[PDB]
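Structure first, then comments.
For the single chain, residues carry numbers from 1 onward in sequence order. All values below were derived from every heavy atom in this structure, side-chain atoms included, with hydrogens, water molecules and symmetry-related copies excluded. Atoms within each ligand, like the ligands themselves, are counted from 1 in listed order.
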Amino acid sequence: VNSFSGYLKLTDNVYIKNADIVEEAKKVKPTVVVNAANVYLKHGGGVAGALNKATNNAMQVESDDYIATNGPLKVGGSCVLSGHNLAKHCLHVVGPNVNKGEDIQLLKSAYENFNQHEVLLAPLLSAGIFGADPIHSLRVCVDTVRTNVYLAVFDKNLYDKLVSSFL
Ligand SMILES: NC(=O)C1(CNc2ncnc3[nH]c4cc(Br)ccc4c23)CC1
Ligand SMILES: [Cl-]
């Protein structure tokens, strides 16, 4: 039993809710919140901009030190950093950005990072400003993630479409 509330169960291990991931993280304080990161950990907009704003820019400060030491992530890759006031840990995961021409096949590799964590609060990777079809992202999530994932979808209209079209 965990503290996530109001989710629709899609499969054995995948759950979904119309929610602001920032507000959900602040309420649940999950062990792991997933950020929709880019390779530079520049948290300017979308989910990343919102999460970073909620940390009062502490996420960005920590991220800049990480990049200065380690260099950029790979598309499809991840790193574990602090969750600040939102979670114990933040798993920064880089899905392909279609608006940059990146290979959508890397979306499966991106979701594989979730399997290193028993339970996660997450957005749909490569959705939103990353330009992928969220219906496809949900399909890849369900077919790739084996650990327990609680998906927060900000847009109510999109949430209803994701549920109603789910196979
Ligand atoms: N834009 C979308 O509808 C999707 C991706 N964005 C988010 N997904 C889940 N929680 C989120 N909290 C946010 C807060 C701010 Br401010 C901006 C964006 C998001 C966000 C669901 C596809
Ligand atoms: Cl977004």
Side-chain angles (χ1 to χ4, degrees), residues 2-11 13-60 63 73 75-76 78 81 83-102 104 106-108 110-111 113-114 117 119-145 147-166:
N2 60 48
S3 165
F4 289 102
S5 179
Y7 285 75
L8 180 69
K9 180 169 178 60
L10 294 176
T11 67
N13 64 298
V14 179
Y15 295 81
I16 195 170
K17 183 182 179 177
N18 172 220
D20 183 342
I21 193 172
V22 170
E23 288 308 306
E24 186 76 6
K26 284 197 287 185
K27 157 174 119 55
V28 175
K29 295 296 241 78
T31 305
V32 180
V33 66
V34 174
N35 182 32
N38 59 55
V39 297
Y40 306 110
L41 302 179
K42 286 174 59 96
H43 308 302
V47 168
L51 292 170
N52 176 59
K53 179 177 175 184
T55 75
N56 183 44
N57 211 50
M59 177 180 285
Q60 191 63 67
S63 293
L73 295 182
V75 179
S78 70
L81 290 172
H84 301 276
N85 51 318
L86 304 177
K88 188 175 192 298
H89 304 107
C90 179
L91 182 69
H92 295 272
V93 180
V94 183
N97 189 325
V98 175
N99 305 316
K100 300 180 181 177
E102 293 167 353
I104 193 62
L106 290 169
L107 187 55
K108 188 174 185 74
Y111 273 116
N113 294 286
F114 289 25
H117 303 277
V119 182
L120 315 86
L121 171 63
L124 284 170
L125 299 178
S126 298
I129 69 177
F130 282 63
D133 176 4
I135 297 178
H136 173 66
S137 183
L138 176 56
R139 187 74 258 165
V140 178
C141 181
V142 162
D143 293 340
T144 305
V145 181
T147 55
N148 292 144
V149 57
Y150 289 85
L151 295 168
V153 177
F154 180 58
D155 189 69
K156 170 61 172 170
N157 287 324
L158 174 60
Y159 171 84
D160 287 346
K161 181 190 191 125
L162 287 164
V163 167
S164 289
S165 62
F166 183 72

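For atom 17 (C) of ligand 1, the nearest non-hydrogen atom of the protein is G46 O, 3.8 Å. Given atom 22 (C) of ligand 1, the protein heavy atom at minimum distance is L158 CD2, 3.6 Å. Atom 1 (N) of ligand 1 has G128 CA, 4.1 Å as its closest protein atom, hydrogens excluded (heavy atom only). In terms of protein heavy atoms, atom 7 (C) of ligand 1 is closest to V47 CG2, 3.0 Å.
The number of heavy atoms from other shown groups lying within 6.0 Å of NZ (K42) does not exceed 12.
For the atom pair CG of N35 and CG of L81, the computed distance is 9.5 Å after rounding to the nearest 0.5 Å.
Closest approach of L125 to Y111, counting heavy atoms only: N-OH, 3.0 Å. Of all heavy-atom pairs between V145 and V149, the closest is CG1-CG1, 3.9 Å. In terms of heavy-atom proximity, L86 sits nearest to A54 at CD2-CB, 4.0 Å. The two atoms that bring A87 and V33 nearest to each other are CB-CG1, 3.7 Å, heavy atoms only.
Every atom of ligand 1 with a heavy atom of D155 under 4.0 Å away is listed here by number and element: 3 (O). Below 4.0 Å from some heavy atom of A50 lie the following atoms of ligand 1, by number and element: 14 (C), 15 (C), 16 (Br). Under a 4.0 Å criterion applied to the non-hydrogen atoms of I21, ligand 1 contributes the atoms 10 (N), 11 (C), 12 (N). Ligand-side atoms of ligand 1 in range of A127: 22 (C), range being under 4.0 angstrom from any heavy atom. For ligand 1, the atoms sitting less than 4.0 Å from at least one non-hydrogen atom of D20 are 12 (N), 13 (C), 14 (C), numbered in the order shown with element in parentheses.
A side-chain donor-acceptor contact under 3.5 Å links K17 to the backbone of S5.
Residue contacts with ligand 1 for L124 are absent, since no atom lies close enough (heavy atoms, distance under 4.0 Å).
Using a 30° and 60° split on the angle between ring planes, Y15 and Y150 fall in the parallel class, below 30°.
Within the 4.0 Å heavy-atom cutoff, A152 counts among the residues contacting ligand 1.
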